[PDB]
Each structure stands twice: as structure tokens, then as C-alpha cells.
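An overview of the molecular structure
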Protein chains: 2
Amino acid sequence: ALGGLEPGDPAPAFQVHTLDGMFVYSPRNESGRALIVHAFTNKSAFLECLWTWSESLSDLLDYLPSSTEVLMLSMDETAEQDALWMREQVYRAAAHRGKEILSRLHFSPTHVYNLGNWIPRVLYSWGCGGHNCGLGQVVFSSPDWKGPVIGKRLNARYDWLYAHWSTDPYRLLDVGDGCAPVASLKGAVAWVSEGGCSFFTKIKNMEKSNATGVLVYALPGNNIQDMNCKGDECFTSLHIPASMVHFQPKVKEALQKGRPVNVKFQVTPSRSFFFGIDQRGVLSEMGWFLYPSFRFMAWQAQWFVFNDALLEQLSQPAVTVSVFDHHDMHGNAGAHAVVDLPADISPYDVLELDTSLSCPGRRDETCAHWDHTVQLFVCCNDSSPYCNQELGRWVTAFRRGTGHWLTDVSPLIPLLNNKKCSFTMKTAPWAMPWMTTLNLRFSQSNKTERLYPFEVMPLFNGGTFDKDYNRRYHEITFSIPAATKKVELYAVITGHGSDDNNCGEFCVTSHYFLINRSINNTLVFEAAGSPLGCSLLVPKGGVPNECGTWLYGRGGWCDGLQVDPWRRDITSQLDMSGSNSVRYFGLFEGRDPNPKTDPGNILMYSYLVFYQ
Amino acid sequence: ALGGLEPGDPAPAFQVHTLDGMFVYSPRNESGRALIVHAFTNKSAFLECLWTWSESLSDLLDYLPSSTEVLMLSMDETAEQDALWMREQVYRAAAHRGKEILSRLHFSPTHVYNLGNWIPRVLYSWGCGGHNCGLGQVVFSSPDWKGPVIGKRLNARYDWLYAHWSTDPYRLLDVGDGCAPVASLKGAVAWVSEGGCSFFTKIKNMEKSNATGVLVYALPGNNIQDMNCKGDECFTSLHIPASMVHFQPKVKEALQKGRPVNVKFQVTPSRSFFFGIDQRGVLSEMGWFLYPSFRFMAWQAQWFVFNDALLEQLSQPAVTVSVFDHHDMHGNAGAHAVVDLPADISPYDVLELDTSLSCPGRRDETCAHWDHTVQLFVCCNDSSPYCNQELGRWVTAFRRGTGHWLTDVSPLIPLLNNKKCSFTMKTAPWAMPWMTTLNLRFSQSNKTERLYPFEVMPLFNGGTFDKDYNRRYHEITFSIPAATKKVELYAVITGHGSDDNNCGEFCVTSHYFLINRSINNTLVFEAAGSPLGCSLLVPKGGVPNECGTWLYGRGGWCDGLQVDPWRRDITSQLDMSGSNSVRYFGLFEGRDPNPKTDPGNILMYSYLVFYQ
Ligand SMILES: *[C@@H]1O[C@H](CO[C@@H]2O[C@@H](C)[C@@H](O)[C@@H](O)[C@@H]2O)[C@@H](O[C@@H]2O[C@H](CO)[C@@H](O)[C@H](O)[C@H]2NC(C)=O)[C@H](O)[C@H]1NC(C)=O
Ligand SMILES: *[C@@H]1O[C@H](CO[C@@H]2O[C@@H](C)[C@@H](O)[C@@H](O)[C@@H]2O)[C@@H](O[C@@H]2O[C@H](CO)[C@@H](O)[C@H](O)[C@H]2NC(C)=O)[C@H](O)[C@H]1NC(C)=O
Ligand SMILES: *[C@@H]1O[C@H](CO)[C@@H](O[C@@H]2O[C@H](CO)[C@@H](O)[C@H](O)[C@H]2NC(C)=O)[C@H](O)[C@H]1NC(C)=O
Ligand SMILES: *[C@@H]1O[C@H](CO)[C@@H](O[C@@H]2O[C@H](CO)[C@@H](O)[C@H](O)[C@H]2NC(C)=O)[C@H](O)[C@H]1NC(C)=O
Ligand SMILES: *[C@@H]1O[C@H](CO)[C@@H](O)[C@H](O)[C@H]1NC(C)=O
Ligand SMILES: *[C@@H]1O[C@H](CO)[C@@H](O)[C@H](O)[C@H]1NC(C)=O
Ligand SMILES: *[C@@H]1O[C@H](CO)[C@@H](O)[C@H](O)[C@H]1NC(C)=O
Ligand SMILES: *[C@@H]1O[C@H](CO)[C@@H](O)[C@H](O)[C@H]1NC(C)=O
């Protein structure tokens, strides 16, 4: 019944009533605007802050694409008033700003249990149970009270306090504002009031007072806020959890009486608050929301656009060779396959890889909970140096299986020196299983002065980022073959791990390919270490709304995205008729690395390509 | 997260608050009382009638086992009052009756969105979308009204009106009581008021007035009722649908004004209203509810008991041989396998078959929507008559995959005359795929005077139930081998199809095995044709709450249950030293069948077994 209501299936047509009229969705054979259906409920402080926080509304008005529509439903019994409240909030935010986006926003006062469509089934069956998704509740219990008092809570920013609450009951002690250290609480959760001083200061003072946790209650008539640091506050690390709730007269009266009070934290599973329909009418999951900002939706929308632009590229003329079709990957072997390439790949001067790393199930919940590198090695002649050489590199997403990327690896065509070859896609041995689908697309460029690769010589590999990292690399002297018109450097470099300086994965590390000991060739990961360095690559293929730190700018790569190779032309630098020398070296802050604890890692694959 | 929350997985421990105290469920290594969790919502007239209809409460108080517990939650915002209302209704029903059952009923005033447990996830993810499950709603729309009016509706009894509503909009005409024929409505749904005359009379008069449907509105302050016939009314067949709703002043005022009024019918998907935990802590689906009566729960509970009693039997000492392990079945081939039986099965005088017919997925929604016969044939020597002979017969359930039966087929042991044999489980070729798991259990009986079968001779087969049915059967003359102490008749007979007399599947047909033309041997399907003939076999293995007419008493079989063979001893009738004659014949009402239209079918497999 109702057809397929799982990710990847088409979205059946439907009709809804809204303050502006009848909103009708009908599948089309063409590509149109993507849709985002959002279900709002007053029982979650996450959505309340989403719709009340000015930053979230500004992000929605600014970063939302111009080719996306949003529909809002209310699962609460006050849907009629809830829709009007949301519309008023949006209009007030858009005041003295753009107003075209309003035409793409629709608010349905209809009750969820009266739609008469397939939407409630999707909302119920697409349960999130993850980051900032799932009603977080706080239960206050006292012997005097005949029953508990249940309220909403919003956990602090994921990037500030990594400590998590425990299901075991806690105590509760009144500490007023909480920004002045007290004698001691003896492992009793603090009951503090927002305002007066800083939030970070409150948490720090409570931790210094021997407190297992803190609970900020908003003053009457106020709203919950997202707890986060500001500059100097973030360097300091706090090892206790915290959350913000509303004000309850009962707990205050009990504390004044001196009666014991206990507090418990729970996560009640809820219904999906977001689900998207792609530009082609395909149902898609919107991932997780790390913190209450509408930006997470916009990024998802951006991805949809890219996906469409991707699906148009694959439809173009090209010779397709399928290597993997949902082939399972896990362990050392990973995914091994053997293919028979066309008889003659010489005319094809362009080679691309279309890759899709999905999970065993359609839903994202059945995916790996970590990001692990993936490498594609190719072997066509064991008696040649090209065997087991890396052809492409990718990075998995945090519990997402919608990844679909296209990478240009044309200069590595000479590695395929045999009509029959073997391809091995490998990841971390201890990684959870994945399902890889890979296709090689051969094509001829539109360039008039077409050039064809004929030789690929590996230059240097990676290694541990230690003080001896640059001591293992020696100058390579090579002579250029005749009938050569162009020389290129093709290097795939990625830093991993953390050290005293958080280097490797979050390091601004420079890599130099000195040529003829006379000219530099620099690759720098400037975006590394930035809070949102990897958030700008979603239009380019990055998978957004991942269950992890997918926003941090990494060194040379990003989560849920292929590693775009670094290609440089050095035909001018080299002496086309004579010998040349090349030497690699990596540096940090302009000096060799000196990691005293937990040294990082550098995975590199470098090649020198000669064109006819 | 939350472990496995699908059918067949264990139920994690949990705690809930109720008017009587703290209800705690903790898995145990032993077997205890089964549990039934029911979610109630005021938005469904089905549950409202369930909790307001006296018949349903009486059925709950009478047929509910004494080893079952029921917990009730309310998904509505009035849970506190809803639980008290349910408790008051139950107590009033139990007045002047038994009160022990009350100790096994618990009512939780806690809101569903505040449980803090795994129950809401199951309720949301176990969507029903089927018979009398899924909010049936009626939408009244008029040009004068700025918005539609949505109300609850309860479709008439499934066994009375098979006509179904259409998603297309209808009209609405006021016809008062509706038990007096009018001029004509011209394909306009009738708007009638309950009371004054009979419901069947109202529907008949409306159909005679050229009406596409009828809608009964209950008087203000009244409640919806289940539409059904009474004796003479049921013989007559009506080809239009009908439903009962509440009274709306707006539609009445509009009709008085003469303004056009349109009515539409929809089915909004909802959350699961019932889910059960077996005696061993395994989550189990409760199937569908054909009409609003609590009996459907009780039957399910009964099944649980049987299941436990079944699982204890399998744990007993026995030689187990697995033939199928979730082997797929579909098409003509069905499921074919080859097994190597023990070296010597002579000492094992008892042979049983443990069978489980599940679906491709754990959920019942992925199951076949029809009941189809299943037969197990065995071949051990192509040069022997025993090849391709039937060993066991089963009947699938309407969209249920919890079937697990144990059938005694010991007299058919001689069919296994070779250590290696081939087993073929076959169903209707056009049937949806199933997954069969079969095990043969050999055991030695506790009887002191043990007897061992050594010869099985087929006697007669089935055929089409026509006037020539008995003309194709001739007397079989057989001589008994020496060293024989007992002779048995083992016949598996099943009627199928319908005819002018509804014979075959719903026929009281007698089968006679005349022996030596001197003594009868009668098998009669007395329960055939009864409304609840097959409802009494749930404790014996019948799968209850099927998506079909599983309550009707069939001829010699029942839905979701094995066909228990008919075994009779005739050692006295036969001349142990001499020849004997046997002749089969089937009769209806004491006479040969004379089906003028759509003749039925009789599937029979008969054997004469000789014991040492
Ligand atoms: C190739 O570059 C290296 C490294 O210099 C880096 O880039 C410079 C522009 C500057 O930012 C340095 O701090 C970087 O480390 C050159 O060798 C180094 O040159 C620097 C001065 O630029 C000197 O202090 C170091 O001792 C040199 N050696 C090292 C770092 O090992 C090199 O000269 C460049 N090649 C050329 C210009 O042909
Ligand atoms: C075996 O039974 C048949 C069938 O009789 C049936 O059972 C009877 C008790 C009675 O209910 C009949 O109406 C049933 O049909 C006997 O043969 C028939 O006997 C009936 C009278 O009982 C007679 O009218 C029929 O013509 C007979 N023949 C038929 C129905 O084909 C038969 O005699 C029985 N065998 C015995 C007693 O040894
Ligand atoms: C969402 O729920 C919160 C929490 O109940 C509501 O917050 C209330 O807001 C009103 C209006 O400012 C205050 O008077 C109350 O004191 C607040 N707390 C309560 C009622 O507990 C909030 O209004 C709700 N939002 C919507 C749109 O209904
Ligand atoms: C379930 O919903 C129905 C339909 O709304 C309620 O029926 C109402 O019952 C009251 C009390 O007898 C009447 O006064 C109303 O006229 C009825 N119809 C309405 C309100 O539309 C019924 O009470 C509800 N049950 C519970 C337990 O809340
Ligand atoms: C916290 O407890 C520790 C236990 O070792 C104690 O040394 C310390 O002084 C306490 N700090 C307070 C009460 O601020
Ligand atoms: C590998 O290359 C060598 C080069 O001498 C060639 O002789 C050999 O046949 C090649 N092997 C295959 C399997 O193509
Ligand atoms: C119903 O319509 C049919 C159309 O053939 C007509 O013959 C019949 O008289 C009508 N019956 C009524 C209006 O009762
Ligand atoms: C079948 O039975 C016959 C009886 O003569 C015997 O000769 C033959 O070997 C048997 N076949 C098998 C496969 O057991």
C-alpha cells in the first residue's frame, strides 16, 4: 500500500491546504524544484529554538537556494496557530530584507492526522534517534510530589561540551546565578539561572565547585538558548555536561523548603521532523542537525542541486565500464574485481570515475558511524611498477549513504596498460561494511590540440609526520623521453590524525615539490582548522548533515567527498631535452614537524605524467 | 540504538507509571505471562467503539486468558482523563462479574511523547495500513464554507457490505431516516439518521432509490455503531458501501439552505494501536482487527500460549533432520530439497513435521494477501509407488508469517524406504512467494506394546466435486500381508471452491470409506459454514487476526493451520486372514453433488497402513 515510502523511491503526488491556498505536488518526467517537508512540534526545544533563534532565520533567508521550496506541517494539536506563528516569525525575520523566498515557503494548518496522504507514514517510519533529534526530556521527582515534572531540555553545543548525561538519577542544588564559585556540591547537579554573568563562566565555576553537571533554567517568559563559547572560552576544556531548560516554580519551591530533589534525563524517540524530495521526485533523507540552525537544511538543498547537475553529466555520451555494483567492502580484502577494458583506450583522452558508497540498507541508520579513507588500486601487469598503484581516493561520511561523486583521473590512464585489469577498493580493516558502486567513464575532450598520456612515473609516497619525515626522501633524477610535449605533476595528499598541535587532520601543512633545485611548487591546506572549511564543498559533492564533525576544515580533504587531485604543469620549468631533478618535502609553519605526542600521518601518492 | 525493535527480537526492559503504581517489565530466562500494549486515540472511531461497545468489553472479560497482561497508553493530549475513562468503562463492564482480570490490566496516564522508552519507536515504525486500521476520515466541503469539515467514520461490517468507497468526491442529499424509499438521488450519497427503523432497511431503501452510498449520522450525544445484519437480512446482498459517522450541524444547515455539499473519504495512516510481547519476551505483531471487538486480542493471546507449549515440545529429546531453512517457495517447482535420513529409522515409531511458513521480511506487511494450500511430497525410489506421494498438507494465512505448526504423520514412515530422499513443498503456481522451514522429528513412543509401520498402500485420490465425482471410484480389493497386527486408514481431505450451494470450501460434505461393503466409515465437516468454526482452533495452532475471512468454518481445514489427518482403526472390520474390499464415496446432504454453476474441488490423499 502507498507504493514505496523509503529513501530512493519516487514521491507520490499529493495535495495540501495552506494559508495561501492549495499546494499540489505531482511527479514530472523533467527536473524541477526540490522540496523540503518539515514537521514542527512544540514538545522539542530544538525546533522551538530553530524557529525563535534569529541566527537560524537569517541563515534560512540567506543560504537557502533559489530553486527550493519548503512546506511546514504541525503535528501538535495547535497546528492552526502554530502555522501562523511560524509565518509571522519568518516574515519578521525577512523584514527589511529579501521577500522572494517567501513565495517558496508554505504553511499547512491542517492536522497531521487529517492529511489523508502518505506523509504521516514517512514521518512515523523515518525515525531519527540521533544528534539533536529525539525529544530530550528532563524529569524532576521529589517524595513530596505525587508525580514527576517533565520539561524540555537543549544540550549545549556539540563542539563545546563532549560530556554526555547519564540515565542514572542525579540530585539538584540551588546555586543562584552560578557564576560565583561556592564551597561544594558533592556530585550534585547545579540549578543555575540564565543571565547576570557568562554561560561558560557559570559552567566553569560549577565544575570548580565539584559538580557533576549544570542545568540553566530560563527566566519566566524567556526562551531556551544554544550554549556555546566565544573565542578565549573555547580553548579551555570542560569535562562536565550541561543543558538549558525552562523555569519550574515547583523545583524552586522544593529547594526553598530544603526537600530533596532528584533529576533524570531521557530521550523519547520521536517522528521525523524533516524529509526531502529531490529535483527528480526521489525521496531523500536530510541527515542530522548538529545545532539548531536552518543552515543544515540549506546545505542539503545545495547537495540536491549538485546531484541533478551530476545526473546530467552521467547522461552525456561516454564509454562506461562497471567495476563494482554494490560490492561489499570490509576487512583487508575490501572489494576486489576484474574487468576487461575496451580494446583501444588511446582515443579516449579523458577518464573519470563515478563512485557511490552506500550502506547495506536504504536508510542512513544502517551506515558506519565513522569516517574512513577509501583507496582504489589498479593492477594490470604484475611485472610492471604500475601494479597496486593508487588511482583514486575518497572519504566516507558519518553515517550517510547518499554519496555519489565524479572524479577526473585522466592523467592516470597509462596505468591501464592491459585490456584486462584488476581493481581493489580498500578501506580501514576495522571499518564497518560499505557497499561500493564504481564506473569508469572514457570520453574524448573537445580540445582541438588533444594530448594523450603515455607514461606515468611514481615519485614519492607518504608516511608518518615526524621529524624524520623529510629525511627519508632523496632527490630523484629522471630523463625525459623523446616526443614529449607536456609534463605534469599529479599528487593526491591527505593529512590524518592529531598531535600536540592538532596536526595531520586539522593542520595548515605545506607540501613542496622542488624541481631542479631552482623553483618551488607549493600545495597548502589553508582551509584546514577552520570551523566551516568543509561546509563550502557541499555544492561540489560534499555530503552534508553528517552524524559527526563534517564542518571542520581538514587538511586536503573533506568528509563525504572525493580527494580532488593536485595537478600542476611544469613543462616550462623542466629542460625538455636533458635530465631533471625533483624532491618532495613537507613543512608545518615553515619548519619541519616536531610532534612530541601522538604524531600524525600523511598519505600521499605522487606521479609524473608525460604527454605525447 | 535501542537494539532490535522488529518482530522476533527481544523486548528491552522498561518502566511505566500507572494509576496503580510502577509497572516494570524485565526479560527473564524463563517463560512468564504474555503482554499486550495497546495505544488508544480519540481520533479513530474504531477504538472508540472498541472501548464503548458492550460486546467488546464482554468478549475481553470472557475470552481473555488468565495468563496474559494488558497495558494501555494514550497518544492523545488527554491521556490523564483517557486512562481514567478506560478504567471506568472496564470496571462498569466487569460489574456483577469476575474481577481478577482487573489485576492484569494497567492504564498509563503518561503521555506517549514523555515515556522515555522504546515503545513510541515501535508504535511509529509498526504502521498497520490495513483492515479497520488506519484512521478513516470523511471530509465535507461546500463552496460557502471557507474550509472543510473532517469527521470520523466506521465502515460497515466487512462480511455484510463488500463494496468499498472511492477516493473521488461524492454528493450529499438529506433523506431523513432513510427507511422509506424516495423518488431518486441520481448517484448522490444519502445522508440518513440512525434510529427509527432498521439499518439494513435503510441501506436497502437507499440502494433502491439509486444511491451510490449511504452515510448514517448518529444523533447528538450518541455513539457510532458497527453496521451488521441479523439473520434474514444477511441472505440479501447489497452492492453499495455504507459507513456511520457523528452528527454535524453545518452539513444539516447547508442541506436545509439547499446549497450543494460534497463528501470525500480518505484513510490517513496512523501509529500501531497494538503490539504484543510473547511469554518468552519476543516482540510479536497482533495482526488485524476485522471488526471492533476485543476478542481479536484474546485469540492472539491464546496463540502465544500455544506457541509456548509448542516450543516446549520441540525442546524434548528427538532426532531432528532439517529439510528446509527459509527455503523460498513460488511457482511450480516450489521448494525442492534432498536429505539423508538416519541409517535406521525402524526404532523410531513416531515421526512428526515441524513447519514454519514465513514471509521474505520480518513484518507481516511483506506477506501474501491470500490463502493457498501447501503440500509436501516425498520421493525416495522412482521405481516405487511411494514416489511423489503426499506426506503433509498446510494452509497459509492471510498476510501472516508467524505460522509454526507440528503435525503427526508417523503412519507415513514407510514412504521413506531409502536413506536418501527428496522433499518437494509446493503451493499454487500463481501464489506470492513464501519461505518454508521444515524439520522432521523422529522419536520413540512411551507405549509398551510398540507397533512399527511397514507398508502403506494408497487407496484413492481427490477430484472435482461434480455429479461424476463418485463414478470414477471403483472397489479396491486387497489381501493383507502376514505378520500383521493392526490396519489403519489415514486420509487427508480438504474441500475448496464455491458453487451454487457454496460447496467445497463452506460445505458440510460427508466422506464414506465403505469397507467389505458391510460397514461405514464417515468423516463429516460439521463446522463447515459456521461464522466462527475456525476461531476455536487458535489454541491448536490457528494463526489469528489474519487479513481475511479466517473465522468462517471451512470444510476439513482452517486458515493458517495444518490439516490434521483423519486416522481410523479397522482391524476389527477387516478379516485379518483373507481378502477385503474398500470403496470411497463423497456425498452432500446425503446425496451425490449436483453443482449447476462453478463446481467445487476435493483434494484427498488416502492410505492404508499396516503395522507389524
Ligand atoms: C622551496 O621552498 C623551500 C621551503 O621554503 C618554504 O617557502 C618559503 C617561501 C618560505 O615560506 C619558507 O619558510 C618555507 O619553508 C625553500 O627552502 C627553504 O627556504 C627558506 C626561506 O624561504 C629557508 O629558511 C629554509 O632553510 C629553506 N629550507 C628548508 C625549509 O628546508 C627552497 O629554497 C625553495 N626552492 C626554491 C626557491 O627554488
Ligand atoms: C455407507 O453409507 C452409505 C451412504 O449412506 C449415508 O449414511 C447414512 C447413514 C445416511 O445418512 C445416508 O443418507 C447417507 O448417504 C450407505 O449407502 C446409502 O444408504 C442410504 C440409506 O442410509 C441409501 O438411501 C442410499 O441409496 C445408499 N447409497 C448411496 C448414498 O450411494 C451404505 O449402505 C453404508 N454402508 C453400510 C451400512 O455398510
Ligand atoms: C512551545 O512550548 C513552550 C514551552 O511550553 C512555550 O513557551 C511558553 O511561551 C509562552 C508565551 O511566551 C509563555 O507565556 C510561557 O510561559 C512559556 N512556557 C510554557 C507555556 O511552559 C511556547 O510558547 C510554545 N510555542 C508555541 C508556538 O506554542
Ligand atoms: C472521542 O471522540 C468523540 C468525537 O469527538 C467524542 O464524542 C463526544 O462525546 C461527548 C460526551 O458524550 C459529547 O458531548 C460530544 O458531542 C461527542 N462528540 C464530539 C465532541 O464531537 C468522545 O467523547 C471522545 N472520547 C473521549 C474519551 O475523549
Ligand atoms: C573535589 O573533590 C576532590 C576529591 O579529591 C577534592 O580534593 C577537592 O578539594 C574538591 N574540590 C572542591 C570541593 O572544590
Ligand atoms: C607485462 O609486460 C611485459 C613487458 O615485457 C610483457 O612481456 C608481458 O606480457 C606483460 N604481461 C601481461 C600479462 O600483459
Ligand atoms: C435507476 O436508474 C436506472 C437506470 O437504468 C433506471 O432504470 C431506474 O428506474 C432507476 N431507479 C430508481 C430511480 O429508483
Ligand atoms: C528401488 O527399489 C528396487 C526394488 O527392486 C531396488 O532394486 C532399487 O535398488 C531401489 N532403488 C533405490 C535408488 O534405492
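For this deposition, the record names cryo-EM as the technique by which the model was determined and cites 2.70 Å as its resolution.

The next subject is the site of ligand 2. Residue and element names in this part refer to chain B. For ligand 2, the full set of nearby residues is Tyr512, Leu514, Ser518, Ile519, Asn520, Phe585, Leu587 and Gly590. The contact in question runs from an oxygen atom of ligand 2 to an N or O atom on the side chain of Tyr512, over 3.1 Å. Within the backbone of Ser518, an N or O atom sits 3.0 Å from an oxygen atom of ligand 2. For ligand 2, the protein covers 42% of the area, taking 680 Å² as the surface of the free molecule. Elements represented by at least two residues in the shell around ligand 2 include exactly β27 (509–515) and β31 (579–588). Residue composition of the shell around ligand 2, grouped by class: 5 nonpolar, 3 polar and no charged.

With that settled, the discussion passes to the site of ligand 3. Residue and element names in this part refer to chain A. Around ligand 3 sit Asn42, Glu48, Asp82, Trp85 and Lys152, and those are all the residues in its vicinity. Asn42 places a polar side-chain atom, nitrogen or oxygen, 2.4 Å from an oxygen atom of ligand 3. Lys152 is positioned with one of its side-chain polar atoms (N or O) 3.1 Å from an oxygen atom of ligand 3. Taken by itself ligand 3 offers 560 Å² of open surface, and the protein chains cover 43% of this. Residue composition of the shell around ligand 3, grouped by class: 1 nonpolar, 1 polar and 3 charged.

This part covers the pattern of salt bridges. Counted under the stated rule, the structure contains 46 salt bridges over all chains. For A:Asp371, the salt bridge identified is with A:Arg554, shortest N-O distance 3.8 Å. Of the two residues, A:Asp371 is situated in the loop between β18 (350–358) and β19 (373–379) and A:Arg554 in the loop between β28 (522–524) and β29 (561–562); the sequence distance between them amounts to 183 residues. Here the two residues A:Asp371 and A:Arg554 agree in accessibility, since each one is buried. When the shortest N-O distance is used, the salt bridge between B:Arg33 and B:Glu69 registers 3.9 Å.

Another point: the interface of chain B and chain A. Each partner contributes residues to the interface: chain B has 22 residues there, and chain A has 22 residues. Of the roughly 2,000 Å² buried where chain B meets chain A, counting both sides, 55% is carbon and sulfur surface. For the pair chain B and chain A, the interface holds 2 salt bridges. In this structure, A:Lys43 and B:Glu77 form a salt bridge, with 4.0 Å as the shortest nitrogen-oxygen distance. At the boundary of chain B with chain A, the tally comes to 10 residue pairs in polar contact. Among the secondary structure elements, those contributing two or more residues to the side of chain B that touches chain A are α4 (119–125), β6 (135–141) and β13 (262–268) of chain B. Considering every element that reaches the side of chain B that touches chain A, the biggest residue donor is α4(B), with 4 residues. Across the side of chain B that touches chain A, the residue classes tally to 9 nonpolar, 9 polar and 4 charged.

The biggest cluster of nonpolar side chains holds 130 residues, and the ones touching the most others in it are A:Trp118 and B:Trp118. If sequence neighbours within four positions are ignored, A:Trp118 has contacts with A:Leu2, A:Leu5, A:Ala11, A:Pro12, A:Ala13, A:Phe14, A:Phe275, A:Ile277 and A:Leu283. Counting 52 residues, the second-largest nonpolar core is a separate cluster that includes A:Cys380, A:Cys421, A:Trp557 and A:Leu561.

The final tally for this structure, using the stated rule, is 16 disulfides over all chains. The disulfide partner of A:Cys179 is A:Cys197, and the S-S distance across this bridge is 2.0 Å. Within this pair, whereas A:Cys179 is found in the loop between β9 (173–174) and β10 (190–193), its partner A:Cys197 is found in the loop between β10 and α5 (199–208), the two being separated by 18 residues in sequence. Taking the relative accessible area as the measure of exposure, A:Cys197 reaches 32% and is therefore partly exposed. In this model, B:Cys379 is linked to B:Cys387 through a disulfide, with the two sulfur atoms separated by 2.0 Å. The sign of the S-S torsion, about -100°, decides the handedness of the disulfide formed by B:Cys379 and B:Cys387: left-handed. Residue class for B:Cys379 comes out buried when judged on its relative accessible area of 13%. Residue class for B:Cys387 comes out buried when judged on its relative accessible area of 16%. Distance from the sulfur of B:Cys49, which forms no disulfide, to the nearest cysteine sulfur (B:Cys133) is 16 Å. B:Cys49 gets classed as buried once you look at its relative accessible area, which sits at 3%. Not engaged in a disulfide, the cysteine B:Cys547 finds its nearest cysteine sulfur in B:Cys133; these two sulfurs lie 7.6 Å apart.

This part is about empty space enclosed by the protein. Residue and element names in this part refer to chain B. Across all of its chains, the model carries 8 cavities of 30 Å³ or more by this definition. The computed volume of the largest cavity comes to approximately 320 Å³. Looking at the largest cavity, it is lined by 19 residues, and the ones nearest its centre are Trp126, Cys128, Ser272, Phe274 and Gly287. Residue composition of the lining of the largest cavity, grouped by class: 9 nonpolar, 5 polar and 5 charged. Residue assignment places the lining of the largest cavity across two domains, with domain 1 (14–127 + 270–283) and domain 3 (317–449) each supplying three or more.

Here chain B sits on chain A after a turn of 180° about the axis and a move of 0.0 Å along it, with an RMSD of 0.0 Å. Each copy turns onto its partner about a two-fold axis. By residue overlap, the copies meet face to face through one surface: 100% of the interface positions of chain B are interface positions in chain A.

Residue and element names in this part refer to chain A. For strand β32 (residues 600–611), the tally of buried residues reaches 11 of 12 residues, placing the bulk of the element in the interior. Bridge count for strand β24 (residues 453–465) against β32 is 9 bridges, and the pairing is antiparallel. When the sheet's bridge partners are listed, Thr464 is paired in β32 with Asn601. Bridge count for strand β26 (residues 486–496) against β32 is 11 bridges, and the pairing is antiparallel. Pairing of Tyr490 across the sheet is with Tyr607, part of β32.

Attention shifts here to the environment of A:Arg362. All names here are of chain A. Counting through the fold element by element, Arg362 comes out in the loop between β18 and β19. Distance from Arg362 to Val323, taken between C-alpha atoms, is 21 Å for residues 39 residues apart in sequence. Once residues lying within four places of it in the same chain are set aside, the contact partners of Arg362 are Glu6, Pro7, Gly8, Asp9 and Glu285. Only 2.6 Å separates the side chain of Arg362 from the side chain of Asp9, close enough to count as a polar contact.

So, on to the packing of helix α2 (residues 54–63) of chain A against helix α8 (residues 295–314) of chain A. All names here are of chain A. At a closest axis distance of 8 Å, the pairing of α2 and α8 adopts a crossing angle of 20°. As summarised for this structure, α2 and α8 are arranged roughly parallel, according to the angle between their axes. Judged by the twist between their axes, the crossing of α2 over α8 is right-handed. Residues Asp59, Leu60 and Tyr63 of α2 lie in contact with α8, whose contacting residues are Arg295, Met297, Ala298 and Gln302.

In this section: the pairing of strand β4 (residues 68–74) of chain B. Residue and element names in this part refer to chain B. Across the 7 residues of β4, 7 count as buried, placing the element largely inside the fold. Covered by surrounding structure in β4 are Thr68, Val70, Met72 and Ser74 together with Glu69, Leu71 and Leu73, the residues of both alternating faces. Summarising the sheet, strand β3 (residues 34–40) and β4 pair through 7 bridges and their orientation is parallel. Bridging across to β4, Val37 finds its partner in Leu71.

What counts, and at which threshold
Residues numbered from 1 in each chain as written, not as in the entry; some residues may be left out. Chains lettered and ligands numbered in written order. Heavy atoms only, no water. Near = heavy atom within 4 Å. Polar contact = N/O pair within 3.5 Å; in protein donor to acceptor, adjacent residues only side chain to side chain. Areas by Shrake-Rupley, 256 points an atom, 1.4 Å probe, with all protein chains shown as cover. Helix = DSSP H or I, 4+ residues; strand = E, 2+ residues; numbered from the N terminus. Nonpolar A, V, L, I, M, F, W, Y, C, P; charged D, E, K, R; others polar. Salt bridge = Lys/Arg side-chain N within 4 Å of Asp/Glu carboxyl O. Buried < 20%, exposed > 50% of the residue type's maximum accessible area, 1.4 Å probe, protein only. Contact = heavy atoms within 4.5 Å. Buried area = accessible area lost by both parts, 1.4 Å probe. Core = buried A, V, L, I, M, F, W, Y, C linked by side-chain atoms within 4.5 Å. Disulfide = S-S within 2.5 Å. 1 Å grid on protein atoms, 1.4 Å probe; cavity = no way out; pocket = protein on both sides within 12 Å on 5 of 7 lines; lining within 4 Å. Points joined across faces, edges and corners; volume = space filled by probe spheres on them. Domains from an automatic or database assignment. Least-squares fit on C-alpha atoms. Pairing = 2+ DSSP bridges. Axes fitted to C-alpha atoms, helices over the stretch in contact; angles between N-to-C directions. Parallel < 35°, antiparallel > 145°, perpendicular 65-115°, else oblique. Left-handed = near helix turned anticlockwise from the far one by under 90°.

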